[PDB]
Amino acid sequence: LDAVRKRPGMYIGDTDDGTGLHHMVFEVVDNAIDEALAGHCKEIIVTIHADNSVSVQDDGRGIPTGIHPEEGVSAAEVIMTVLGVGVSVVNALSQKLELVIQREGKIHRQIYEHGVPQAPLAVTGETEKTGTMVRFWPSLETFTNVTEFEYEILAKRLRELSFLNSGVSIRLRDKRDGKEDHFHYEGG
């Protein structure tokens, strides 16, 4: 991850005019869509929290959690820490990132700070559901000037995405003011 830290702009885009900031969300959303597409119900929920973090969750199969035989850490951690640009860039540029994966009857949790895992991926409970949830707090050390998410920028993009990804239900919720939207297109 140090290459990204060294020159963030080369990976996420402009870190001062808000474009890179929102790009962080879109990158996570792209992964979420992929996940949602591989399951039956296909629902993604994007939430703008009051503390200016954003969470993206999908009800897919859950990203893999088993230990990578070469890397020596869980697959999820490899996905988050190795290398659209990929969620690892997002992790790298986030002051905090919370990862929750529901898969095989188990809830797995992990926390990262500036892309550094605070502990290995851990099974903390049981669950009847499946899916992946990522919540991130953009690093204020990286993102300057524009540091708060604009609902409209997210809504417009999610709306466009919904038509391209038929069958995928996409919900947008803004806990700062209670605004909500639901983009769902059939087509196929």
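Residue numbers run from 1 along the displayed sequence. Here the rigid core means the biggest group of C-alpha atoms that line up within 1.5 Å when the two forms are laid on top of each other.
- The stretch that strays farther, by root mean square C-alpha distance over structures and residues in 8 other deposited structures of this protein after a rigid core fit, is 37-45, when 37-45 is set against 64-72.
- In terms of root mean square C-alpha deviation after superposing on the rigid core in 8 other deposited structures of this protein, the stretch standing farther out between 84-92 and 100-108 is 84-92.
- Coordinates are given for every deposited residue between residue 78 and residue 79; the gap count there is zero.
- If you average the C-alpha B-factors over 118-126 and over 144-152, the higher value belongs to 144-152.
- As recorded in the PDB entry, 33-41 is the stretch of 33-41 and 54-62 with the greater mean C-alpha temperature factor.
- If you compare the C-alpha temperature factors of 85, 92, 97, 100 in the entry, 85 comes out highest.
- Ranked by C-alpha B-factor against the other modelled residues of its chain, residue 68 falls in the highest third.
- Annotation for residue 21: CA B-factor lies in the middle third of the chain's modelled residues.
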